[PDB]
């Protein structure tokens, strides 16, 4: 049943990668944790994603947080697929984390 869930820290590093995220993206949770979230997308988003997070931390002007967007994901096997993305922010131990929920559109 459930959609894929990914948590990142304030610098884009994967901290949690749900069971449905493993099935969808192909990475095991252990492989995904400690990698930049930018591994889960094609170019050009892959190269720009660090700047997207940094721009948000500086300005607190959201573009997908609380808004959602249809984007293209990339699996461990290199294939791409359309997906809808919802993102949230929270604080834990005084530091920011971002929660993403991924609906596989295919």
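Between two forms, the rigid core is the largest collection of C-alphas that superpose within 1.5 Å. Positions refer to the first chain, counted from 1.
Greatest C-alpha divergence in 7 other deposited structures of this protein once each structure is fitted on the rigid core, 45-53 or 60-68:
After the core superposition, the stretch with higher RMS deviation in 7 other deposited structures of this protein is 60-68.
Should residue 77 be placed in the lowest, middle or highest third of its chain by the C-alpha B factor in the entry?
It belongs to the lowest third of the chain when residues are ordered by C-alpha B-factor.
Residue 59's Cα B-factor: lowest, middle or highest third of the chain?
Residue 59: CA B-factor falls in the highest third of its chain.
Rank-wise, by C-alpha B-factor, drop residue 47 into the lowest, middle or highest third of its chain.
Highest third of the chain for residue 47's C-alpha B-factor.
Within this chain's modelled residues, let me know which third the CA B factor of residue 1 belongs to: lowest, middle or highest.
It belongs to the highest third of the chain when residues are ordered by C-alpha B-factor.
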